[PDB]
Asks: 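My structure is below; once you've seen it, I'll send some questions.
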Amino acid sequence: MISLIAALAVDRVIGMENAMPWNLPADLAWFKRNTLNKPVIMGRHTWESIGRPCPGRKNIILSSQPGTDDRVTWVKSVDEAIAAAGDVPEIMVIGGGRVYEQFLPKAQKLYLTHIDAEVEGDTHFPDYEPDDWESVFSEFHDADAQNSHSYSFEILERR
Ligand SMILES: NC(=O)c1ccc[n+]([C@@H]2O[C@H](COP(=O)([O-])OP(=O)(O)OC[C@H]3O[C@@H](n4cnc5c(N)ncnc54)[C@H](OP(=O)(O)O)[C@@H]3O)[C@@H](O)[C@H]2O)c1
Ligand SMILES: CN(Cc1cnc2nc(N)nc(N)c2n1)c1ccc(C(=O)N[C@@H](CCC(=O)O)C(=O)O)cc1
Ligand SMILES: [Ca+2]
Ligand SMILES: [Ca+2]
C-alpha cells in the first residue's frame, strides 16, 4: 500500500524556507522506526534539504528535470514513482507539501505527528477530513528534556 508520514504543527504547518522549524528527537526516532526497510518517496526540494540518501531505505525523488545525483532513483511522475518502488508491502511518502497533496488520495494509511508548536510556515499539509480517515492509534506525550513541545503520534487508516 501507499502510506504518508508527516509532522504537523498548528494550521498543519509542515515547513518554512525549505526547512522544518522545531526540535523534536522523539519524532525523528518515530520516523526512522516506521520508514526503515521501506522505499521512501519525496519531492526534489525535500531531497535538497536532506542531501544524503536515507540509509536502509530505497530513495526515489520526484523531479520534472533529469536527475543530478546517481545515489538515488529519479522519476518524472507519480505513476513512475510508484512503479520504481516495486512490489513491496508498504511504500512511505515522506514529503513535502506538493508531494503529500498528490499521494493523499492514493494512500491507505497516514502516520502523523501533531506537534503542539505555534510557528509560521510557508508549507502546509493537505486538508484531510475525518469523513475519510479512522484513528486506529494515538498517544499524547508531554514535553521533556529532549523535546521542547508536547506532541502526539497517530496512525489513521482510510475508511
Ligand atoms: N513536516 C514534515 O514532515 C516534512 C517532511 C518533508 C518535507 N517538509 C518540508 O516541506 C518543504 C518542501 O515542500 P515543497 O512542497 O516545497 O516541495 P517538495 O514537495 O518536497 O518538492 C516539490 C518539487 O518536487 C518535484 N515534484 C513533485 N511532484 C512532481 C511530479 N508529480 N512530477 C515531477 N516532479 C514533481 C518538483 O521538482 P522540479 O521543480 O525539479 O520539477 C517540485 O518542484 C520544506 O520546507 C521541507 O522542510 C516537511
Ligand atoms: C528533512 N527531513 C524530513 C523529515 C523529518 N522528520 C519527519 N518526521 C515525520 N514524522 N515525518 C516526516 N516526513 C519527516 N520528514 C529529515 C531530516 C532528518 C532526517 C534524518 O536524518 N533522520 C535520521 C534519524 C537520525 C538522525 O536524525 O540523526 C534517519 O536516518 O532517519 C530525515 C529526514
Ligand atoms: Ca551531507
Ligand atoms: Ca473500512
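Basis for what follows: all heavy atoms, side chains included, without hydrogens, waters or symmetry-related copies. Starting from 1, each residue takes its place in the sequence as its number.
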Asks: How would you list, by chain and number, every residue that makes a side chain to side chain contact (heavy atoms under 4.5 Å, CB included) with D70, sequence neighbours excluded?
Replies: none

Asks: What distance separates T35 OG1 from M92 CE, expressed to the nearest 0.5 Å?
Replies: 7.0 Å

Asks: Between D132 and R159, is there a side-chain heavy-atom distance shorter than 4.5 Å?
Replies: no

Asks: Are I14 and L8 close enough that some pair of their side-chain heavy atoms sits under 4.5 Å apart?
Replies: yes

Asks: Can you name the one residue among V72, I50, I60, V99 that meets side chain to side chain contact (heavy atoms under 4.5 Å, CB included) with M42?
Replies: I50

Asks: Kindly compute the distance separating CD (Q65) from NZ (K76), expressed to the nearest 0.5 Å.
Replies: 9.5 Å

Asks: Are the aromatic ring centres of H114 and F140 under 6.0 angstrom apart?
Replies: no

Asks: If I take atom OG1 from residue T123 and atom CE from residue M20, how far apart are they, to the nearest 0.5 angstrom?
Replies: 11.0 Å

Asks: Do the side chain of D69 and the main chain of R71 share a donor and acceptor less than 3.5 angstrom apart?
Replies: yes

Asks: Testing the basics here: between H149 and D116, what is the closest heavy-atom pair and its distance to 0.1 Å?
Replies: ND1-O, 3.4 Å

Asks: Do the non-hydrogen side-chain atoms of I41 and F103 ever get within less than 4.5 Å of each other?
Replies: yes

Asks: Is there a donor-acceptor pair closer than 3.5 Å between any side-chain N or O of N34 and the backbone N or O of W30?
Replies: yes

Asks: Counting C-beta onward and ignoring hydrogens, is there a side-chain heavy-atom pair between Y128 and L4 closer than 4.5 Å?
Replies: no

Asks: Hey, does the side chain of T46 reach the backbone of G96 with a donor-acceptor pair shorter than 3.5 angstrom?
Replies: yes

Asks: Could you tell me which non-hydrogen atom of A84 sits nearest to which non-hydrogen atom of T73, and how far apart they are?
Replies: CB-CG2, 4.3 Å

Asks: Do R98 and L62 have side chains that approach each other closer than 4.5 Å (heavy atoms only, starting at C-beta)?
Replies: no

Asks: Please name the pair of heavy atoms, one in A7 and one in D27, separated by the smallest distance, quoted to 0.1 Å.
Replies: CB-OD2, 3.6 Å

Asks: Heavy atoms, side chains only, cut-off 4.5 Å: are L110 and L104 in contact?
Replies: yes

Asks: To check you understand the geometry: which heavy-atom pair defines the closest contact between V88 and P39, and what is its length?
Replies: CG2-CG, 3.7 Å

Asks: Check whether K109 reaches the backbone of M1 with its side chain - one donor and one acceptor, N or O, closer than 3.5 Å.
Replies: no

Asks: Counting C-beta onward and ignoring hydrogens, is there a side-chain heavy-atom pair between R158 and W133 closer than 4.5 Å?
Replies: yes

Asks: Can you name the closest pair of heavy atoms from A9 and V119 and give their distance?
Replies: CB-CG2, 4.1 Å

Asks: Going from OG on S148 to CD1 on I115, what distance comes out if it is rounded to the nearest 0.5 angstrom?
Replies: 8.5 Å

Asks: Check whether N59 reaches the backbone of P53 with its side chain - one donor and one acceptor, N or O, closer than 3.5 Å.
Replies: no

Asks: Checking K106 side chain against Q102 main chain: does a donor-acceptor pair fall under 3.5 Å?
Replies: no

Asks: NZ/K38 to CD1/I94 distance, rounded to the nearest 0.5 angstrom?
Replies: 12.5 Å

Asks: For a 4.5 angstrom cut-off between non-hydrogen side-chain atoms, does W74 reach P66?
Replies: no

Asks: What pairs with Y100 under ring-ring contact (aromatic ring centres under 6.0 Å, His included), at least two apart in sequence or on another chain?
Replies: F125

Asks: What distance do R44 atom CZ and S64 atom OG have between them, rounded to the nearest 0.5 Å?
Replies: 7.5 Å

Asks: Take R57 and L36, measure what side-chain contact (heavy atoms from CB on, under 4.5 Å) needs, and give me the verdict at the end.
Replies: CA-CA 6 Å; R57 282 150 270 192; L36 229 10; 3.2 Å; yes

Asks: Using every non-hydrogen atom in the two residues, find where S3 and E90 come nearest and quote the distance to one decimal.
Replies: OG-OE2, 2.9 Å

